[PDB]
There are 6 protein chains.
Amino acid sequence: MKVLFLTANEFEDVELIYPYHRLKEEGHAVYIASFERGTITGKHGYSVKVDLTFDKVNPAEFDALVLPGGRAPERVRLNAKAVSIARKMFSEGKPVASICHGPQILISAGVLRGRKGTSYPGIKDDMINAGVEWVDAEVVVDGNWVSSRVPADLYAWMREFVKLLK
Amino acid sequence: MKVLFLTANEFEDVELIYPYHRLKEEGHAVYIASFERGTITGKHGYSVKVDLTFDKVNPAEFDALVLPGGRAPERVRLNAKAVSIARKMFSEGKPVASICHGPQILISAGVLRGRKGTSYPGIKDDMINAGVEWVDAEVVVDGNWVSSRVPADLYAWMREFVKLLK
Amino acid sequence: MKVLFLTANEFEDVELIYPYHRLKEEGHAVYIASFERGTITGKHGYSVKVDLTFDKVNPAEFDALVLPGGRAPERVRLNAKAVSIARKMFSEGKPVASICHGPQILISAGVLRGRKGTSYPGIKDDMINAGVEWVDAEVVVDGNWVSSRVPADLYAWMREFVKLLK
Amino acid sequence: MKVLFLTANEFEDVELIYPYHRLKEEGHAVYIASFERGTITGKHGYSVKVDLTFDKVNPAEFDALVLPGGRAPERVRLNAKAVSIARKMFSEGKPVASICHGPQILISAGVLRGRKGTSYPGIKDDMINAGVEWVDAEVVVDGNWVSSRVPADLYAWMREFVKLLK
Amino acid sequence: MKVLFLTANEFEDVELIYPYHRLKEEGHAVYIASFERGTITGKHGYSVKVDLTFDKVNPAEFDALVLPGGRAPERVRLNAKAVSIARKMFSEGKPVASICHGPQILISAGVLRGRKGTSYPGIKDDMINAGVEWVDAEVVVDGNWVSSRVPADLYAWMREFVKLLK
Amino acid sequence: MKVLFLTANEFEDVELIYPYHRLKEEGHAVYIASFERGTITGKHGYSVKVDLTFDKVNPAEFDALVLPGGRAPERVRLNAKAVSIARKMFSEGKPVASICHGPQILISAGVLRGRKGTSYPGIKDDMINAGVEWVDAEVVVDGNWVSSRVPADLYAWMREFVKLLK
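Residues numbered from 1 in each chain as written, not as in the entry; some residues may be left out. Chains lettered and ligands numbered in written order. Heavy atoms only, no water.

- Method of structure determination, per the deposited record: X-ray crystallography was used for this entry, reaching 2.150 Å resolution.

If you want it as structure tokens, here you go:
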């Protein structure tokens, strides 16, 4: 499968790097999309190369979506093209994985009312106001939506997600 | 007047320090409340002393409330006592000043339905979902609630808040 | 009024940002002058844009002068044009505000003989040797010269300087 | 299985965190051993809790061994007990994964003569002088010994190691 | 000889470490005095152990004095016991080496009027107001006083100083 | 004499700066060689200018060689030209000083079999496997080869090296 990541500077480093490698283990192709080509740098100083910009993404060409956390989702969610990608892929029923602040992008896409999931506890009230049935669990599977809360949850986050790509 | 600040580590430094001194200039008493007595440190490394904890605050004893930004509001808003302080003071009509991520504490208080205000743009969708009529202005006055967006609005933010304390 | 700031990289961040906004509140125009156009960054990482260089400043065009601290005054004071600006404005009776290491620029201007003021305590011996009657107070007003010591004096520093601009 | 990590301060953060979670996903128990109980911190600032000290480790009680990289291996390899843990588990045929600087501990254990593997290229000449047949590949499997070079190899590293624990 | 250093946190690292080792090469005993026992840390993060506090120094027991730069001299020069040590040793004619901001301590001792020397150029006007004949040179020898300006001067600074201890 | 340094980014700052100045004191010329012209930066933030790149170095034109430590030796030792510079000067009997990780370049040059010396203890087993008789001492002199372990050894390191250039 082709797996797309939406992110930017100040991503939470391990929430990007862990799924990136865990999905390559399975043989999937992984793509990093951001505002500009070049490199982006995490909160803790790991740098990754950007594969394409939001403007060049055709959502039809990707099979699954990963939304890491950090401070990056508060900037990505103000980009109409990035929010449009997540709206389309989530509403088409493609697998979507989010963790920590990552679902702020789905809040802004307007796709979450009635869905069941989790997030960083610091934004649970915002999830609830977007209509989420919010659950305090290390991983929640709701149809195509796999969500987790914090870096401690990584093992469970990707355990469930990889099942949906098989 | 006795002006109370609700904050914690990783406050945005100038959004705490600027209103602290601007209000001291007017002769008001300023108190920093947080989780624990001691010092708290800002995103940029400035330190300040905590006057009292959230448990020891009696909202009746204070006349106004200031909610600086940074990352601290996402922690504060998870503390039931801190949120109750903000609920009582805001709903009793006492003047409340908020900037950048500050109003996340008011979202969790449940007091923003049908009110008008602003915030850091990265959380404008969460403000709208809480019931806020969201405005892109350097300062917004809506009764007792004075709201601003970013550090560049500091001059206008306190210009309007100072008037409500006369 | 047109208020001029003389500064450079490694300014003490709140000693620039606090008077910048406090004076904007009053409706004054504030200009940052430095060695080169662009941005300058403070000790704690805040950045601000340079409005004009020292070479393009005509002291006749400005009404007041602010000299923040940090490590920048030790560089500024070596620039003959920056020192000449401070000499002319201070000796023409225009209001001048200085804090922490700020008055090092006035020492090099040669205009402090027999004047009364304060500074960061770590340079009080250099103030005395320049001819200053040195006072340990949160703010000192001596004609046109308003002087303070450390960031904890900000509220009193601008309280007194604002009066001279009315 | 019970999986043991030998490490210390200044480990390469993702070379510890990634196998940690990848092996919890399979249901294995994971134990971090270092010099002292408490927490250790990686080169990039992530912190993990130490489960037991080197002195308390009985190699017989553990089924597999992971040696992450960073600078920590140059300090671990000076601790005679830690080197004997590695020596015992490796020579008993138990699965051992090493990456980047990790195999420096195995050099010091004296168990690599005639074996085949890789490492951070910066220490390849030291691997060769310890008797290793050194290969430039993203992962090498030599019996019980799974070796990789750098953080970009993580996906392949644990892909092969996980097979040996089934 | 017994060589005494007066310093504190935020010394310029190489201006302390270079003379420390250069003087041990010759067989002299070197002692670090500061406010408190324990360790002090330079601007660039090197740490050194403090041998004794200002309170325990008997100036008669030391043969020569070294004053490194950094931000530390602005704190040391406010300590009456530290300034007293430098006053006594310099006025008794013992060898004294200073660099960069180091002579701020001698300014405060009141021993420099009529002497010839150099400093960091940023404080040359303060040297002049203390009565120094100020010279722009990599090293100046004036009787017992060897002075230099910046880290680039280290080689010449200690070349001349070691001659005075022979 | 003309003295050559082989190094790169992330050198141990004082292991380069101290021999640099100590050898200028004697009147020797000193040249920094690295991968690219411009500046390189040490682990602690000090910057030095690169005089020439490895490709332009003719070993015949230089009389002595210094190998500082840090992480830079693990990158320099992968550059075939830099290793051949070290190999040529060392085997021609020219004076060579190494400290901490520095001798990793000499391991890769193949010139240490049967020689006597020291290093950072963290790589002593690698020195032993390269054929060195490894000694725990602050300085070792083996013909043209002066070796030390750590920054605390600087005084002794250059004390012995300076003798070989007279």
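## Quick notes on the overall build of chain A
Thinking step 1. Of the regular secondary structure elements, chain A holds six helices and 11 strands.
Thinking step 2. Compactness check: chain A gives a C-alpha radius of gyration of 14 Å against a globular reference of 15 Å for 166 residues, within 12% of the reference.
Thinking step 3. Its C-alpha atoms give chain A principal-axis dimensions of about 40 × 30 × 30 Å.
Thinking step 4. A total of 166 residues make up chain A; the buried ones form 63% of that total.
Thinking step 5. Counting 22 positive and 21 negative side-chain charges, chain A places the averaged centre of each group 4 Å from the other. (Helix = DSSP H or I, 4+ residues; strand = E, 2+ residues; numbered from the N terminus. Rg over C-alpha atoms; globule rule 2.2 N^0.38 Å. Buried < 20%, exposed > 50% of the residue type's maximum accessible area, 1.4 Å probe, protein only. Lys, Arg positive; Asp, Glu negative; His and termini not counted. Charge placed at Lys NZ, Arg CZ, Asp CG, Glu CD.)

## A short note on the state of the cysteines
Thinking step 1. Considering all chains together, one arrives at zero disulfides over all chains under this definition.
Thinking step 2. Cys100 of chain F provides the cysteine sulfur closest to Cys100 of chain D, a residue in no disulfide bond, and the two sulfurs are 18 Å apart. (Disulfide = S-S within 2.5 Å.)

## Details of the pattern of salt bridges
Note that side chains of opposite charge can pair when their charged atoms are close.
Thinking step 1. For the structure shown, the criterion picks out 92 salt bridges over all chains.
Thinking step 2. A salt bridge links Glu92 of chain C to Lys94 of chain C; the nearest nitrogen and oxygen atoms lie 3.6 Å apart.
Thinking step 3. Look at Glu92 of chain C and you get partly exposed, because its relative accessible area is 45%.
Thinking step 4. Residue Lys94 of chain C is classed as buried on the basis of its relative accessible area, which comes to 16%.
Thinking step 5. In this structure, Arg77 of chain F engages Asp126 of chain D in a salt bridge whose closest nitrogen and oxygen atoms are separated by 2.8 Å. Taken together, the residues span two chains, with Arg77 of chain F in the loop between α2 (72-76) and α3 (80-91) and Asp126 of chain D in helix α5 (residues 124-129).
Thinking step 6. Owing to a relative accessible area of 4%, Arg77 of chain F belongs among the buried residues under this scheme.
Thinking step 7. One salt-bridge network, held together by shared partners, links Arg22, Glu25, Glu26 and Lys166 of chain A together with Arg22, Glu25, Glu26 and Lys166 of chain D. (Salt bridge = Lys/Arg side-chain N within 4 Å of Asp/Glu carboxyl O.)

## Some details on the pairing of strand β4 (residues 47-50) of chain E
Residue and element names in this part refer to chain E.
Thinking step 1. One ladder, built from four bridges, connects strand β3 (residues 38-41) with β4; its direction is antiparallel. What sits directly across from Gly38, in β4, is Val50.
Thinking step 2. Where β3 hands over to β4, the hairpin turn is made up of five residues, of which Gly45 adopts a positive phi near 95°. (Pairing = 2+ DSSP bridges.)

## Some thoughts on the interface of chain C and chain B
Note on interface size: it is often stated as the accessible area lost on association of the parts.
Thinking step 1. Each side of the interface is counted separately: chain C has 17 residues, and chain B has 17 residues.
Thinking step 2. Carbon and sulfur atoms make up 63% of the surface buried where chain C meets chain B, a total of about 1,700 Å² over both sides.
Thinking step 3. Ranking the residues of chain C by area buried against chain B places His21, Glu25 and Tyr46 of chain C at the top, with a combined share of 37%.
Thinking step 4. Taken together, the connections running from chain C to chain B amount to two salt bridges.
Thinking step 5. The salt bridge involving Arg22 of chain B is made with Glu25 of chain C; its shortest N-O contact spans 2.8 Å.
Thinking step 6. Our enumeration of links across chain C and chain B arrives at 14 residue pairs in polar contact.
Thinking step 7. Counting residues per element, the ones that place at least two in the side of chain C that touches chain B are α1 (13-25) and α6 (154-164) of chain C.
Thinking step 8. Top contributing element to the side of chain C that touches chain B by residue count: α1 of chain C, with eight residues.
Thinking step 9. Of the residues assigned to the side of chain C that touches chain B, the class counts are eight nonpolar, three polar and six charged. (Contact = heavy atoms within 4.5 Å. Buried area = accessible area lost by both parts, 1.4 Å probe. Polar contact = N/O pair within 3.5 Å; in protein donor to acceptor, adjacent residues only side chain to side chain. Nonpolar A, V, L, I, M, F, W, Y, C, P; charged D, E, K, R; others polar.)

## A word on the sheet that holds strand β2 (residues 29-34) of chain F
Note: strands within a sheet are paired through backbone hydrogen bonds, in either parallel or antiparallel orientation.
Residue and element names in this part refer to chain F.
Thinking step 1. Across the sheet, which stays open at both edges, the seven strands sit in the order β5-β2-β1-β6-β7-β11-β10 with mixed pairing between neighbours. Only two strands of the sheet have a single neighbouring strand rather than two, namely β5 (52-53) and β10 (140-142).
Thinking step 2. When strand β1 (residues 2-6) meets β2, the two strands line up parallel, connected through five bridges. From the neighbouring strand, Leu6 faces β2, where its bridge partner is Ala33.
Thinking step 3. Packing against the sheet, helix α6 (residues 154-164) makes contact with β6 (64-67), β7 (96-99), β10 and β11 (145-148), and its axis sits at approximately 170° to β7. (Axes fitted to C-alpha atoms, helices over the stretch in contact; angles between N-to-C directions.)

## Some details on the UniProt feature "active site" in chain A
Thinking step 1. Within this structure's numbering, the places UniProt gives as "active site" are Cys100 and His101 of chain A.
Thinking step 2. If you trace the backbone, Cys100 of chain A turns up in the loop between β7 (96-99) and α4 (104-109).
Thinking step 3. Ignoring sequence-local partners within four residues, the contact set of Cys100 of chain A consists of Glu15, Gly69, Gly70, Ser119, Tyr120, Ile123, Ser148 and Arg149 of chain A.
Thinking step 4. Here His101 of chain A lies in the loop between β7 and α4.
Thinking step 5. The buried category is assigned to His101 of chain A, whose relative accessible area is 11%.
Thinking step 6. The residues touching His101 of chain A, leaving out its near neighbours within four places in the chain, are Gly69, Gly70, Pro73, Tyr120 and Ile123 of chain A together with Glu74 of chain B. (UniProt positions renumbered as here; feature names shortened; annotations may be inferred.)

## Structural notes on empty space enclosed by the protein
Thinking step 1. Enumeration over the complete set of coordinates arrives at three cavities of 30 Å³ or more.
Thinking step 2. By volume, the largest cavity is sized at about 40 Å³.
Thinking step 3. Considering the residues around the largest cavity, the lining is formed by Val14, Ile17 and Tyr18 of chain A together with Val14, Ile17 and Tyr18 of chain D.
Thinking step 4. Going through the elements one at a time, α1 (13-25) of chain A together with α1 (13-25) of chain D are the ones with two or more residues in the lining of the largest cavity. (1 Å grid on protein atoms, 1.4 Å probe; cavity = no way out; pocket = protein on both sides within 12 Å on 5 of 7 lines; lining within 4 Å. Points joined across faces, edges and corners; volume = space filled by probe spheres on them.)

## Some details on the sheet that holds strand β7 (residues 96-99) of chain C
Residue and element names in this part refer to chain C.
Thinking step 1. One open sheet accounts for seven strands, arranged β5-β2-β1-β6-β7-β11-β10; its pairing is mixed. At either margin of the open sheet sits one strand with a lone partner, and together these are β5 (52-53) and β10 (140-142).
Thinking step 2. Examined bridge by bridge, strand β6 (residues 64-67) and β7 share three bridges and lie parallel to one another. Across the sheet, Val66 pairs through a bridge with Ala97, a residue of β7.
Thinking step 3. The strands that helix α3 (residues 80-91) touches are β1 (2-6), β6, β7 and β11 (145-148); relative to β1, the one it contacts most, it runs at about 140°.

## Digging into the interface of chain D and chain A
Thinking step 1. In this complex, chain D contributes 17 residues to the contact, which on the side of chain A involves 18 residues.
Thinking step 2. Between chain D and chain A, the buried area comes to about 1,700 Å², and carbon and sulfur atoms account for 61% of it.
Thinking step 3. Per-residue buried area on chain D facing chain A is highest for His21, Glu25 and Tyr46 of chain D; these three make up 36% of the total on that side.
Thinking step 4. For the pair chain D and chain A, the interface holds two salt bridges.
Thinking step 5. Taken together, the elements giving at least two residues each to the side of chain D that touches chain A come down to α1 and α6 (154-164) of chain D.
Thinking step 6. Examining the composition of the side of chain D that touches chain A, we find that eight residues originate from one element, α1 of chain D, more than from any other.
Thinking step 7. Residue classes in the side of chain D that touches chain A are distributed as eight nonpolar, three polar and six charged.

## Some thoughts on helix α6 (residues 154-164) of chain B
Thinking step 1. Most of α6 of chain B sits inside the fold, with eight of its 11 residues counted as buried.
Thinking step 2. All buried positions along α6 of chain B are accounted for by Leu154, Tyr155, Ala156, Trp157, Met158, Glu160, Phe161 and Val162 of chain B.
Thinking step 3. Residues of α6 of chain B that are buried in the fold lie against α1 (13-25), β6 (64-67), β7 (96-99), β10 (140-142) and β11 (145-148) of chain B together with α1 of chain C.

## Structural notes on the nonpolar core
Proteins that are soluble and globular tend to have nonpolar side chains buried together.
Thinking step 1. Grouped together as the largest cluster of nonpolar side chains are 120 residues, with contacts concentrated most on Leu4 and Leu23 of chain B together with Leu4 and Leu23 of chain C.
Thinking step 2. Those residues in contact with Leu4 of chain C, other than ones at most four positions away along the chain, are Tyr31, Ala33, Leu52, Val57, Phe62, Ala64, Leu65, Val66, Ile85 and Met89 of chain C. (Core = buried A, V, L, I, M, F, W, Y, C linked by side-chain atoms within 4.5 Å.)

## Looking at the relation of the copies chain D and chain A
Thinking step 1. Least-squares fitting of chain D to chain A yields an RMSD of 0.1 Å, with the superposition described by an axial translation of 0.0 Å and a rotation of 180°. A rotation of that kind, with that shift, is consistent with a two-fold axis.
Thinking step 2. The residues that chain D uses at the interface reappear at the interface of chain A in 100% of cases, marking a shared surface. (Least-squares fit on C-alpha atoms.)

## Thoughts on the arrangement of the chains
Thinking step 1. With respect to C-alpha atoms, chain A approaches chain E no nearer than 19 Å, and the pair has no contact.
Thinking step 2. In this structure chain B stays clear of chain F, and the shortest span between their C-alpha atoms is 20 Å.

## What to know about the side chain of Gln104 of chain A
Residue and element names in this part refer to chain A.
Thinking step 1. Looking at the element boundaries, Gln104 is found in helix α4.
Thinking step 2. By relative accessible area, which is 1% here, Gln104 ends up buried.
Thinking step 3. In terms of polar contacts, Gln104 uses its side chain to reach the side chain of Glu74, at 3.4 Å.

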